[PDB]
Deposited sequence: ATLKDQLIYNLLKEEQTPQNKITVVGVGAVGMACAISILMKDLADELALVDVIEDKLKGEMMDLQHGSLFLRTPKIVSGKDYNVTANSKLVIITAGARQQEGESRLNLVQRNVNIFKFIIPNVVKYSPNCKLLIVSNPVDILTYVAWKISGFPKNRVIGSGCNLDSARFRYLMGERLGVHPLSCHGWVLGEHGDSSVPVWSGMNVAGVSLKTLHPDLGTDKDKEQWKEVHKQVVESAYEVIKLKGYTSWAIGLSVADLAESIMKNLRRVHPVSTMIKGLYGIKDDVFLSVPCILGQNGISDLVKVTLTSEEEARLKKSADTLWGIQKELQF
């Protein structure tokens, strides 16, 4: 018989449906950073990669597979066909392009193909949307998939808040893990730094320093949030794109989802009902993440100005959204 059969006696020939499977759709810079970060955190027992560029997709799969000895994810697969994504617990969408409106429409056209395919093979997965513009595309994925809002999550301001805490820790000489602060609302340009919640060891910086984040602030802490916004552009300008930070951010979200941790993360969720907002829009607020996606959200007390900014974002997003062609 074969060497295998001489070496190994078989008790039974499998095979179970995937138990802890994650799919990443789009193997560009962001998708692959998510993939490697998820692999090194041992979050999945099966990883599937999808893309439309077939040679790239195969080469990325093979590169990862060659590192199998150093990982604890025993099955890595890829394909243009969504059959490879069947029974995923979590499906991460990083596909797309990176004026504006026509760009949104290009990514919407992409989602019109991707989302139905995802749902067909994993009708009960959680969807985590990373593609930009992320808040708008999370709404698009929600409408197309027909999923309940708990199962559709935008990476949203998780990255923005990580940047903010990195910058805060640099200023204070404290690890980011111990520097707490929340950036909410729209990802990117219009995000909102919640000054009232910035604290170390529960000590409110705003209470110590009333001018915190105002124009008159002798220390111009507002510049920290300015950097949060601008640093996103600077990284793209410097290396051409961003990958590592978003990959790590996404793996953190995936960790709460896959392990049912119920930690709180600022991610994009359907916010209709809050802050005078009455349109189907997705904005980041702090959400409890677990095996059922977003099960709960924190109602952050916002100032008048902060609420106004979220409202303005909602209006803008809805304005774009009600013109999109599905």
query	finding
Chain regions without C-alpha coordinates, deposited sequence numbering	99-103
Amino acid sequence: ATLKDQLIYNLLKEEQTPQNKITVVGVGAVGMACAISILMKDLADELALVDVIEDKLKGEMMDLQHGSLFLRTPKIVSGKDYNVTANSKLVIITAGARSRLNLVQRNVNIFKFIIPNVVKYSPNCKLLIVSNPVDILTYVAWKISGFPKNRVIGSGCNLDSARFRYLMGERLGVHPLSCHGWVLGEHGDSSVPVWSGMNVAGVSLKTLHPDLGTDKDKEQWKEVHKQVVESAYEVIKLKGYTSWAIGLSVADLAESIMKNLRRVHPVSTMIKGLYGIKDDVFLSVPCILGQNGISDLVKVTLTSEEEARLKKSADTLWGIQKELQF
From here on, numbers count along this sequence of modelled residues.
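Think of the rigid core as the biggest set of C-alphas that the two forms share within 1.5 Å after superposition.
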query: Higher-deviation stretch (C-alpha RMS, rigid core fit) in 9 other deposited structures of this protein, choosing from 230-238 and 78-86; finding: 230-238
query: Between 102-110 and 216-224, the one whose CA atoms sit farther away in 9 other deposited structures of this protein (rigid core aligned); finding: 102-110
query: Stretch with the higher entry mean CA B-factor, where the candidates are 223-231 and 157-165; finding: 223-231
query: Which of 265-273 and 55-63 has higher mean CA B factor, as the PDB entry lists it; finding: 265-273
query: Residue with highest C-alpha B-factor in the PDB entry, from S122, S243, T207, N199; finding: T207
query: Top Cα B factor in the deposited entry, candidates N102, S256, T138, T85; finding: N102
query: Third of chain Cα B-factors occupied by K126; finding: lowest
query: Lowest, middle or highest third - CA B-factor, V50; finding: lowest
query: Chain thirds of CA B-factor: placement of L297; finding: highest
query: Among modelled residues of the same chain, the CA temperature factor third for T73; finding: lowest
query: Chain-wide C-alpha B factor ranking for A251, given as lowest, middle or highest third; finding: lowest
